[PDB]
Amino acid sequence: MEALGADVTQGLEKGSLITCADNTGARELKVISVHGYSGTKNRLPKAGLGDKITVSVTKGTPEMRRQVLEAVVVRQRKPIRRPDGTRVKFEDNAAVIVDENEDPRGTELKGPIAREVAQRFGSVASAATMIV
Amino acid sequence: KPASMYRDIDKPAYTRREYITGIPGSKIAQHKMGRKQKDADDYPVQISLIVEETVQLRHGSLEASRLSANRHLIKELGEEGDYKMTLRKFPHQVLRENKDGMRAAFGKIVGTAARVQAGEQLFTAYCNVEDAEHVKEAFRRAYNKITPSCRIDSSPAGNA
Amino acid sequence: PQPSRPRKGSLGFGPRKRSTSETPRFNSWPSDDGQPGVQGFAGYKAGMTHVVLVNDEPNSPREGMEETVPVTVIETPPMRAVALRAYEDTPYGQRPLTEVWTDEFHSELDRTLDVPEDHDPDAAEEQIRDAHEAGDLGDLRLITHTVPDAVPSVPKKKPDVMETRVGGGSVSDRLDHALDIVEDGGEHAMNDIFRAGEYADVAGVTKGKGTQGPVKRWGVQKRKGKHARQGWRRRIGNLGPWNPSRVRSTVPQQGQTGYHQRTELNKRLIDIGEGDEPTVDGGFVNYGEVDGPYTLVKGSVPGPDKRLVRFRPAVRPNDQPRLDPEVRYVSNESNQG
Amino acid sequence: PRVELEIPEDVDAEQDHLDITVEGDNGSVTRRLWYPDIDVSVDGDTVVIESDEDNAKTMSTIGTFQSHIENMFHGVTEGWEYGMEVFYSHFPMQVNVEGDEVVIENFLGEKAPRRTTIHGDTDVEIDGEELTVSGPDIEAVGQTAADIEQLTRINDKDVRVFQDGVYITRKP
Amino acid sequence: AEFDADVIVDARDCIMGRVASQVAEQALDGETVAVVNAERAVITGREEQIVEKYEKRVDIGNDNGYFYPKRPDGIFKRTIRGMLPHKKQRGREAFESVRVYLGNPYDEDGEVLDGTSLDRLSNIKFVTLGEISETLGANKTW
RNA sequence: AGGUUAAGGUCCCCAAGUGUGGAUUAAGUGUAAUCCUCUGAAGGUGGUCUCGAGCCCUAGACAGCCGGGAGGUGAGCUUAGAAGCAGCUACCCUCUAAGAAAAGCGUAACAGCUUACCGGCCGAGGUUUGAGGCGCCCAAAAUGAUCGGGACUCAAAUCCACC
RNA sequence: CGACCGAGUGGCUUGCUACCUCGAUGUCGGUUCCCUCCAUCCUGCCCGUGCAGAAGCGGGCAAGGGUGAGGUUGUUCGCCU
RNA sequence: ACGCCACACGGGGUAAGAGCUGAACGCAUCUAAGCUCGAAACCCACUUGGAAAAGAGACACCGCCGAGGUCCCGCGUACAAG
Ligand SMILES: [Cl-]
Ligand SMILES: [Cl-]
Ligand SMILES: [Cl-]
Ligand SMILES: [Cl-]
Ligand SMILES: [Cl-]
Ligand SMILES: [Cl-]
Ligand SMILES: [K+]
Ligand SMILES: [Mg+2]
Ligand SMILES: [Mg+2]
Ligand SMILES: [Mg+2]
Ligand SMILES: [Mg+2]
Ligand SMILES: [Mg+2]
Ligand SMILES: [Mg+2]
Ligand SMILES: [Mg+2]
Ligand SMILES: [Mg+2]
Ligand SMILES: [Mg+2]
Ligand SMILES: [Mg+2]
Ligand SMILES: [Mg+2]
Ligand code: NA
Ligand code: NA
Ligand code: NA
Ligand code: NA
Ligand code: NA
Ligand code: NA
Ligand code: NA
Ligand code: NA
Ligand code: NA
Ligand code: NA
Ligand code: NA
Ligand code: NA
Ligand code: NA
Ligand code: NA
Ligand code: NA
């Protein structure tokens with residue numbers, strides 16, 4: 001993929017429960033896999049900011065629940081490093097549901113976003129309320 | 001099962017049907033092929049297939065090689081062409097198999113085989129000088145389906 | 001079905017034993033390209049800080065922008081090429097033929113060497129040119145030593161001797177070039193060899209850590225779960241199969257870790273200067289105050305503070321040189337906090 | 001056996017050890033003819049290839065040496081010449097002689113120029129969409145020509161459809 | 001340096017094993033021998049299989065060790081050791097009183113032993129010690 | 001205790017030959033009597049050596065290159081059409097030194113490309129088939145390859161004799 | 001793609017045998033840690049195609065490196081994401 | 001370490017394979033002699049060890065009644081004793 005323009009310490013694992021920052025109808029999401037990743041023996045597969053993950057819907061509307069969909073990580077508690085040395089961290093862990101073409105499934109995003117996510121998913125960013 | 005289990009002559013002759021019951025029928029459809037009404041002396045050329053090693057050939061092999069040779073003569077000469085081939089052997093030796101361990105090991109009847117001494121003619125075809133190259137090829141396929149090495153030998157034929 | 005997995009550690013840096021010479025010894029030299037010249041210099045590790053630079057990389061989407069980069073500070077005072085040694089080509093590799101010395105020696109060179117009182121700088125030189133005429137001359141290298149006395153932060157006064165190769169134009173021309181550097185008094189500085197913005201190979205003897213176990217030494221796992229509570233916490237499962245009935249040297253075991261020689265490739269030189277611009281408030285921890293001839297190396301360097309580190313022009317650079325990077329800020333903040 | 005080859009008036013051949021040199025107006029060619037018990041010599045006006053053995057393997061090589069020497073007589077007088085033609089369908093291919101090698105640019109739309117070094121004293125002359133390889137050493141000239149055709153080799157796609165490249169038109 | 005050799009042999013273009021057998025014969029007889037021009041000694045056969053054998057001898061090994069020389073110095077000296085009872089007193093002495101050389105460090109020209117020469121005009125399938133060494137990855141210091 | 005042999009062996013390790021006359025093998029085949037132990041099969045081989053038979057040839061053989069390869073007529077029939085060449089039947093005489101009612105491609109059918117057959121250049125053996133010898137392919141396994149090892153090629157291998 | 005019939009290689013399964021140990025060579029599965037084989041799953045380089053391309057399918061050389069995380073089950077095996 | 005720095009290209013020889021010249025066998029033929037290429041695989045390149053390599057190594061200087069060294073003392077860039 002295109003370079004993020006920042007270093008990321010993955011703060012999420014396979015099985016992690018995170019926040020779905022949108023209005024698709026899904027509230028809580030569970031990470032199942034990370035696109036393009038292949039780890040090593042005994043290592044629990046990891047995900048972080050700017051990564052595209054496969055997810056299952058834990059909470060939300062009856063229809064959205066149990067559905068296996070794709071998503072993009074937008075915010076994470078573990079710190080990341082900007083090119084100027086400064087560290088940046090968020091209040092929670094969140095991702096936005098997305099389709100085959102990387103276009104947000106919902107109509108609106110809930111909460112802030114990392115400027116770095118724009119360099120990868122412009123159509124997701126071009127729906128952002130706040131880009132920090 | 002493999003011929004490796006029955007190719008050598010390493011047991012006594014077991015052909016007395018008066019003491020052996022339940023012997024499977026032979027798969028050999030016919031022994032006299034071509035034009036059986038015509039005579040052997042009514043042909044210019046006569047080629048036989050000679051076996052090079054002393055062996056045992058199961059009825060399954062006799063049928064397969066007889067089939068794949070005559071099938072060629074029928075393909076190149078026709079269902080009523082001018083020729084006549086002869087499978088001059090019949091499967092007399094009865095075969096067993098120990099199919100308990102080595103206790104009461106005498107086997108049960110599983111098949112039949114023809115014993116051919118090295119130097120004997122298994123097949124013998126009779127044809128005109130034209131069809132001489134077809135009979136050779138038919139025999140080439142025939143020795144590909146039996147255990148021993150073979151010599152295709154033209155007995156009466158100096159029209160080479 | 002037992003998943004596949006790469007082995008613990010590398011078999012290429014052994015045997016993992018204590019280094020014989022604390023002073024590193026390069027086993028490779030640059031190619032003879034441009035003009036003649038010495039292929040290496042040395043200094044003493046001081047400590048680290050950070051700097052702000054303008055993006056030099058022409059292929060970066062950020063070129064021209066600010067960028068924070070970590071730097072290891074190294075004091076690089078002038079050294080002295082005290083002699084010119086020549087090698088000859090024989091059916092058994094290269095062998096030392098003869099050496100050419102001087103008269104001007106440092107006041108404390110006698111703390112390590114038995115300084116020459118009677119020498120013949122001509123007979124030696126003659127022997128070298130005769131051999132060169134014969135076409136048996138191998139290569140040319142200078143015997144160099146540092147001046148620990150210049151660096152106050154370092155206790156030792158006794159110099160560090162090392163043989164550095166000289167390569168360049170023609171054998172004849174660099175033979176002459178060498179002789180000149182020596183005769184003077186051998187005095188030379190980092191400027192004479194390196195320029196800010198080039199890539200260098202830094203060698204050094206790492207920080208010693210005495211005896212250590214397999215987990216640390218080789219990077220093997222700790223016992224997991226229930227196994228970690230039985231009597232074994234940091235010990236590998238087995239020393240090998242039933243057959244072969246012997247312990248293979250490839251299995252991870254305990255021993256000496258650290259204090260080995262390593263040669264780290266493609267280190268970028270950020271700035272060669274003098275004075276006290278890079279010194280830290282309150283002094284570098286466990287080292288002291290820097291004020292004089294120094295060098296700013298990008299990233300880390302093998303070894304602890306005070307240890308002798310050697311420079312060599314990168315023998316296998318991955319990139320092209322981007323000279324004199326624009327430095328906008330050198331942190332002087334205290335390293336205590 | 002013994003075969004005698006009469007050297008032309010135009011030519012002049014000298015031999016040293018197992019090496020043979022053939023000089024003519026079009027140049028010179030030196031080869032190395034080495035094989036168990038086969039003797040090659042210069043007897044004033046003729047070249048002699050002889051051996052005491054007569055087996056199939058010896059006879060094979062004796063005949064080979066002859067054709068090699070005759071080809072050397074030809075290269076030094078008439079010389080060898082292979083002629084090629086550049087053909088392309090969509091992307092305009094550029095064939096040029098740069099240095100001691102021949103470079104080909106924009107093959108099938110490529111950005112990277114395909115090239116090959118010319119063998120020995122071979123002379124490659126280009127005229128529009130026609131090429132002509134020539135020289136005295138038939139081995140050298142022969143390879144050089146073939147290397148040009150081999151340079152447009154394509155394995156990934158259908159050769160029947162993607163027929164771009166230079167091809168040997170006339171063989172001597 | 002300085003070997004007081006009673007005999008100097010020229011191995012150039014000579015069949016290695018045949019030379020080696022005679023050197024061993026003499027050394028055991030109390031002779032001091034110096035084999036010269038080892039890089040130019042020869043071994044008959046199809047080069048592909050000869051080298052396959054020598055490269056295989058290099059791969060063999062373990063912690064205990066299987067040191068096998070890559071330079072013509074050693075290859076030759078190892079070939080000779082194989083014809084001498086080197087683990088015995090009489091045999092170690094004999095072996096140690098023999099030395100192989102790259103080129104010729106002497107003034108005299110070595111003598112050629114009977115039966116050991118190869119006629120290049122009669123043979124094309126053979127290889128030179130130095131050629132094997134180069135394939136083994138040795139440094140051509142000759 | 002002296003002497004001579006047996007099995008086995010005589011390039012080195014290792015006592016005794018780098019023995020003699022001659023031939024084959026290029027695979028390191030092989031240097032492996034017997035064997036749990038030393039594998040190697042059906043099938044295949046213009047690898048190479050030796051031997052026999054039939055036919056062709058200086059009235060020019062085999063191959064190659066050049067030239068000719070003709071008309072009656074694009075036979076008749078079937079068919080809108082078929083002309084060597086879809087199919088069915090026939091398969092004739094002229095010209096001549098040869099040339100099919102055409103053997104194989106090719107066209108929608110023609111055309112177009114060659115085969116048969118004649119001539120020329122050239123100049124020496126050619127071609128068909130039978131049998132034998134040694135080798136080659138077939139031929140994939142686990143800590144480090146092997147003929148006991150080294151190493152050996154007009155042998156230090158294999159076969160026939162001999163000192 | 002490939003029946004029949006025929007010739008083999010391996011020593012992973014299974015069966016047969018009763019040579020070695022009954023004054024004991026500690027079991028299955030798992031785990032950890034090390035070396036290896038090739039009959040190659042990926043990666044390099046190739047050949048054919050019912051090869052336009054793109055995606056394949058089949059075959060050759062090749063053991064440098066890689067071949068991971070989970071749900072049921074003690075399971076090996078195997079089914080499933 | 002969960003943080004940060006550094007870890008080739010290029011040559012040489014080959015396999016499968018693609019070809020050149022070329023004969024046995026006038027022609028043809030990638031092969032029999034010869035040659036041009038061509039694999040993450042082989043060799044070099046690079047890193048690490050390495051005078052006990054028994055052919056037990058090389059150079060420069062100081063010294064053989066004195067060069068150099070161990071012990072002692074204050075300490076660690078080192079360390080289980082050493
Ligand atoms: Cl996963
Ligand atoms: Cl564990
Ligand atoms: Cl080893
Ligand atoms: Cl011994
Ligand atoms: Cl030869
Ligand atoms: Cl061998
Ligand atoms: K027991
Ligand atoms: Mg696990
Ligand atoms: Mg317990
Ligand atoms: Mg601090
Ligand atoms: Mg702070
Ligand atoms: Mg494709
Ligand atoms: Mg003796
Ligand atoms: Mg063998
Ligand atoms: Mg046997
Ligand atoms: Mg035990
Ligand atoms: Mg394979
Ligand atoms: Mg491996
Ligand atoms: Na029973
Ligand atoms: Na058979
Ligand atoms: Na315990
Ligand atoms: Na415990
Ligand atoms: Na055990
Ligand atoms: Na040999
Ligand atoms: Na070895
Ligand atoms: Na062998
Ligand atoms: Na088997
Ligand atoms: Na016991
Ligand atoms: Na277990
Ligand atoms: Na591999
Ligand atoms: Na499972
Ligand atoms: Na290569
Ligand atoms: Na020593």
# chains A, B, ... in the order shown; residues from 1 in each chain; ligands from 1
call {"tool": "residues_near_ligand", "arguments": {"ligand": "ligand 19", "cutoff": "9 Å", "atoms": "only C-alpha atoms (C1' of nucleotides) and all ligand atoms", "output": "PyMOL selection string"}}
result
chain B and resi 100-101+103-104
call {"tool": "residues_near_ligand", "arguments": {"ligand": "ligand 6", "cutoff": "10 Å", "atoms": "only C-alpha atoms (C1' of nucleotides) and all ligand atoms", "output": "PDB file with C-alpha atoms (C1' of nucleotides), in the first residue's frame"}}
result
ATOM      1  CA  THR E  44      42.057 -37.618 -16.441  1.00  0.00           C
ATOM      2  CA  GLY E  45      38.300 -37.901 -16.953  1.00  0.00           C
ATOM      3  CA  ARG E  46      35.058 -36.017 -17.486  1.00  0.00           C
ATOM      4  CA  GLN E  49      32.104 -35.628 -12.433  1.00  0.00           C
ATOM      5  CA  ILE E  50      35.627 -34.958 -11.153  1.00  0.00           C
ATOM      6  CA  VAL E  51      34.597 -31.600  -9.742  1.00  0.00           C
ATOM      7  CA  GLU E  52      31.348 -33.021  -8.326  1.00  0.00           C
ATOM      8  CA  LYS E  53      33.464 -35.347  -6.224  1.00  0.00           C
ATOM      9  CA  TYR E  54      35.801 -32.633  -5.003  1.00  0.00           C
TER      10      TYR E  54
ATOM     11  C1'   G F  28      34.845 -43.232 -13.096  1.00  0.00           C
ATOM     12  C1'   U F 146      32.548 -43.722  -1.823  1.00  0.00           C
ATOM     13  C1'   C F 147      35.328 -49.779  -4.993  1.00  0.00           C
ATOM     14  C1'   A F 151      43.487 -42.812  -6.461  1.00  0.00           C
ATOM     15  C1'   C F 152      43.229 -45.087 -11.596  1.00  0.00           C
TER      16        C F 152
END
call {"tool": "residues_around", "arguments": {"residues": "residue 52 in chain G", "least_positions_apart": "6", "cutoff": "12 Å", "atoms": "only C-alpha atoms (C1' of nucleotides)", "output": "VMD selection string"}}
result
chain D and resid 157 to 162
call {"tool": "residues_near_ligand", "arguments": {"ligand": "ligand 21", "cutoff": "9 Å", "atoms": "only C-alpha atoms (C1' of nucleotides) and all ligand atoms", "output": "PyMOL selection string"}}
result
chain C and resi 229-232
call {"tool": "residues_around", "arguments": {"residues": "residue 108 in chain A", "least_positions_apart": "3", "cutoff": "8 Å", "atoms": "only C-alpha atoms (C1' of nucleotides)", "output": "list in words"}}
result
residues 22, 23, 127 and 128 of chain A
call {"tool": "write_last_selection", "arguments": {"atoms": "C-alpha atoms", "output": "mmCIF file, in the first residue's frame"}}
result
data_model
loop_
_atom_site.group_PDB
_atom_site.id
_atom_site.type_symbol
_atom_site.label_atom_id
_atom_site.label_comp_id
_atom_site.auth_asym_id
_atom_site.auth_seq_id
_atom_site.Cartn_x
_atom_site.Cartn_y
_atom_site.Cartn_z
ATOM 1 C CA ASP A 22 -20.265 5.593 11.944
ATOM 2 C CA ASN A 23 -24.009 5.396 11.346
ATOM 3 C CA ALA A 127 -16.513 12.224 5.122
ATOM 4 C CA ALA A 128 -14.558 13.151 8.249
#
call {"tool": "residues_around", "arguments": {"residues": "range 2-10 of chain H", "least_positions_apart": "2", "cutoff": "6 Å", "atoms": "only C-alpha atoms (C1' of nucleotides)", "output": "ChimeraX atom specification"}}
result
/C:264-265,299-300
call {"tool": "residues_around", "arguments": {"residues": "residue 36 in chain A", "least_positions_apart": "6", "cutoff": "10 Å", "atoms": "only C-alpha atoms (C1' of nucleotides)", "output": "NGL selection string"}}
result
:A and (1 or 51-53)
call {"tool": "select_by_dssp", "arguments": {"residues": "chain A", "states": "alpha helix (DSSP H)", "output": "PyMOL selection string"}}
result
chain A and resi 122-125
call {"tool": "residues_near_ligand", "arguments": {"ligand": "ligand 16", "cutoff": "10 Å", "atoms": "only C-alpha atoms (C1' of nucleotides) and all ligand atoms", "output": "list in words"}}
result
residues 242 of chain C; 25 and 26 of chain G
call {"tool": "atom_distance", "arguments": {"atom1": "CA of residue 62 in chain A", "atom2": "CA of residue 75 in chain A"}}
result
25.8 Å
call {"tool": "residues_around", "arguments": {"residues": "residue 36 in chain B", "least_positions_apart": "4", "cutoff": "12 Å", "atoms": "only C-alpha atoms (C1' of nucleotides)", "output": "count of residues only"}}
result
14
call {"tool": "interface_residues", "arguments": {"of": "chain G", "to": "chain B", "cutoff": "9 Å", "atoms": "only C-alpha atoms (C1' of nucleotides)", "output": "list in words"}}
result
residues 4, 5, 6, 7, 15 and 16 of chain G
call {"tool": "interface_residues", "arguments": {"of": "chain D", "to": "chain H", "cutoff": "8 Å", "atoms": "only C-alpha atoms (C1' of nucleotides)", "output": "list in words"}}
result
residues 34, 35, 56, 57, 59, 60, 61, 62, 63, 64, 67, 138, 139, 142, 143, 146 and 150 of chain D
call {"tool": "write_last_selection", "arguments": {"atoms": "C-alpha atoms", "output": "CSV table (one decimal), in the first residue's frame"}}
result
chain,number,residue,atom,x,y,z
D,34,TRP,CA,42.4,-29.7,-30.9
D,35,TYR,CA,41.3,-33.4,-30.9
D,56,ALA,CA,33.5,-42.9,-36.3
D,57,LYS,CA,34.4,-40.3,-33.7
D,59,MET,CA,36.1,-39.3,-38.8
D,60,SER,CA,33.4,-37.0,-37.4
D,61,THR,CA,35.9,-34.4,-36.2
D,62,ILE,CA,38.2,-34.6,-39.3
D,63,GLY,CA,35.3,-33.5,-41.5
D,64,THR,CA,34.4,-30.8,-39.0
D,67,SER,CA,34.5,-27.2,-43.1
D,138,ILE,CA,31.9,-16.9,-39.2
D,139,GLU,CA,31.5,-18.0,-35.6
D,142,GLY,CA,27.0,-15.9,-36.8
D,143,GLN,CA,26.5,-15.4,-33.1
D,146,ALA,CA,21.5,-14.6,-33.8
D,150,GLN,CA,17.3,-13.6,-29.5
